[PDB]
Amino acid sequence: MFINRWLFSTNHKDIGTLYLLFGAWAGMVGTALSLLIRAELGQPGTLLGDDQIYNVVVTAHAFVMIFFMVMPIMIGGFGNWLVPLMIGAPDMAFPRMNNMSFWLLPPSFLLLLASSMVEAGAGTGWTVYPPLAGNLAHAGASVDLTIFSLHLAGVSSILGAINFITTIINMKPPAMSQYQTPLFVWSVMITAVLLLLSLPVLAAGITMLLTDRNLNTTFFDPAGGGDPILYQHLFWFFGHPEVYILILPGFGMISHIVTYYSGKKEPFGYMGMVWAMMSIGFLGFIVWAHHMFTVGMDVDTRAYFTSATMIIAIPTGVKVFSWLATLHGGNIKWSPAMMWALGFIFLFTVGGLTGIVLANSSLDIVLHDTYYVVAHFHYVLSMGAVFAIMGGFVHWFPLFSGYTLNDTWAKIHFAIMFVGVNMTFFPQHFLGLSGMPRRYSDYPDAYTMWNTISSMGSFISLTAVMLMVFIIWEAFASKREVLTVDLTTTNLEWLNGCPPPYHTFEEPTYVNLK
């Protein structure tokens, strides 16, 4: 029975739970790696070793946080749990293929662990640029194991994307149009389209790196007429859509959380929110070269990428202001989930704005490959994607488990994390403006103060992470079973109780057309 249920699953909820567990474990790995980075940088000098061991840690940090924590939690976890419930579907379109998307991840993670254990690891950056990632400067198996890890993660998400798109288009009640589906469902569908289009280009690029490394091809090797910069185009053609993939399900959860704890039946400006997510998804495919402003592109190309990048502020602003208008006139419930969402709206705005600073190719000359970029992305990731994840986790934990968290503990957890992440990342703006490069194990003495403070911030974040584990334990230890949940009339995922039965919507909802 255990194997049948947990290894052979064809159930969207159980697979959702597997993904949440996997993502939680990965989060611990990613957190350890983040603390190793900040320990190395926490005082001037060398702690661990030179830049090789250091950048193996940095590289793994990024891959684990992105591919093994954020995507599996948002898309695999919340997507699988919530999407079928929110459309009254009995499961996913392809419930068996769904299970393979999950089971591809532990092998993917194993390959990443292998990469760091063999030889001297892959100290390449998560971007894996040649020639540093090539077979001369990174001889041996590490980079190949990284490539294969990405292949498996890629297939997992591509098949997942096919599953979500099909489920969302095909398995709604016959009376429900796409414009009657909740915003989270939209956010997953758009994210899935981005995955479907972007990941195959990454797969092509890393395969070309694999053949340069092992079959004597020269896609990226000038000796054979190749070009290192071609790799960068292929990677970033995926890499920009990837960050919109990381944030979109977050936007979707934020819309639900803000609506719910404002005591509203609906988000402000629903069709505007749909429009904004589609616009952001589209614009996210035509901007990749803003990651390449210093490689030596022609000026008109730089002008175009500056402008196309900035334009994304418009639909994004529509969402930010619509969240504010959702709060407007709300009966505000100051739940821990609400706190995460409020933190998200503000801190994501800050990170989005520093993104707009970076979109300016002229200024990006000085900011590129500095800590200013690191500050920008941790605002939208550690204080954006992660805040949405924590908000969603706290909000829906009672649905998934049938048990309540201690709200006071969860508020304490939020407070600690909020202080920690801001202390970690805010000073990195100063480090970036003043010229501290990325991927350094050590820095000129002038940079000591802000690195010291940033590292102290990372330790505060650690305490929050450890507390989170205890809080989850306390909930399962005490067993306070859910009784009533407000606003079920506009939150269908709750309507089958907590937890919902293994099989829900065996009899579909009745929705007439009028």
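Each residue number is its position in the shown sequence, starting from 1. Between two forms, the rigid core is the largest collection of C-alphas that superpose within 1.5 Å.
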Comparing C-alpha positions in 7 other deposited structures of this protein against this form, with the rigid core used for the fit, which stretch differs more, 381 to 389 or 111 to 119?
-> 381 to 389
Which has higher Cα B-factors on average according to the PDB entry: 46 to 54 or 61 to 69?
-> 46 to 54
Between 245 to 253 and 112 to 120 (mean CA B-factor, as deposited), the higher | 112 to 120
Select lowest, middle or highest to describe the third in which the CA B-factor of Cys498 falls within its chain in this entry.
-> highest
Ranked C-alpha temperature factor of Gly225 among modelled chain residues, by third = highest
Within this chain's modelled residues, let me know which third the CA B factor of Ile365 belongs to: lowest, middle or highest.
-> highest
Ranked against its chain, the third holding the CA B-factor of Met28 | middle
Chain-relative C-alpha B factor for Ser156 (record values, thirds): the middle
